[PDB]
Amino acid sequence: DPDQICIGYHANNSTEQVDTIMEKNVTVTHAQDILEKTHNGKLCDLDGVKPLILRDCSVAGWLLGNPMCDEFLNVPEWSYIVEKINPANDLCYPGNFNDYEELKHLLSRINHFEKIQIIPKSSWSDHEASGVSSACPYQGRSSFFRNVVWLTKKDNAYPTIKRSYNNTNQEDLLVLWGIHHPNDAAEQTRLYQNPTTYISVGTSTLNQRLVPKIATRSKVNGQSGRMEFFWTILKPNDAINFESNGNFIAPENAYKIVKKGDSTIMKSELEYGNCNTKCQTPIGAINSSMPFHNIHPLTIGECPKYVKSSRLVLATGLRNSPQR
């Protein structure tokens, strides 16, 4: 019965496992998971600011004002933009948006537009401004883009247009306009009278002169004609000058860039989730204090760091071997 002192270490009922280089599944007394693996599956407000959910509209359909996209005529400030992979409501009248991807890039740094009328539809005296197409229906009637104007001849005449707009606002202005590419020579004269036409556009930096391209093309949304759209950023105190004797899709409304900051165009099929988050991904929001996550590489907000790992666990305690 002599007295004794022993040296030992803690054990418990933990079944937590960690990996090392030389062994896997080592049971430890304590461990710390450092990987967030769950999300709420929703699109939420970011730090109290609601996203712009484009629903069935594309960026092009919104900005040009496809009639199907009237929900988005005057959107409020946003935190990020959500777009579907293939939005149904794009360019109702078939064609293309020149430098479309660069334009979308600019959007990733914009939080709020203020749309303003720059050239009133009423102001066209010597031209018809009511051009419509069945490619752009609204309430079952042929209509047109809301923000630009289809000008055609009046009294078998299309006099040369000379119109200027001076940006007297303190903000940069996004201006949109287009050109119509007709089907044939007869269509050209039927719409615009003049057989040979152009649009010239000038600012302090822009030097554009466009000529319509007549070509035989496949029907798209019921039309073989095409519209090609252009954009520019008009600086405060600079003016834009349009000249045309036909095929001109005139600006009506332009966009003041009123708020700039962090934004992104997120590709997602999800709808609005009536929720708030600090960290958003295209497949759901993250509410976590973990340093890492494996939800999705594309995030915005105050987020954990993304890794492709299925599991990340640090040993904190010691090798768990209770006696028996």
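Heads up: residue numbers just count along the shown sequence, starting at 1.
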Inset, instruction - Would you determine, from the values in the PDB entry, which of 28 to 36 and 50 to 58 has the greater average C-alpha temperature factor? - result: 50 to 58
Legend entry - Residue stretch of maximal mean CA temperature factor, 212 to 220 vs 193 to 201: 212 to 220
Inset, instruction - By the entry's C-alpha temperature factors, tell me which of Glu128, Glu252, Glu228, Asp99 sits highest. - result: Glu128
Inset, instruction - Could you check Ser164, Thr232, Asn147, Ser134 and tell me which one carries the biggest Cα B-factor in the deposited entry? - result: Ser134
Inset, instruction - Using the B-factor values recorded in the entry, state whether the Cα atom of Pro297 falls in the lowest, middle or highest third among the modelled residues of its chain. - result: lowest
Legend entry - Cα B factor band for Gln170 (lowest, middle or highest third within the chain): highest
Inset, instruction - Would you please rank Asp90 by its C-alpha temperature factor against the other modelled residues of its chain and give the third it falls in: lowest, middle or highest? - result: middle
Legend entry - Where the record places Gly178 (Cα B-factor, split into thirds across the chain): lowest
Inset, instruction - Using the B-factor values recorded in the entry, state whether the Cα atom of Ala157 falls in the lowest, middle or highest third among the modelled residues of its chain. - result: highest
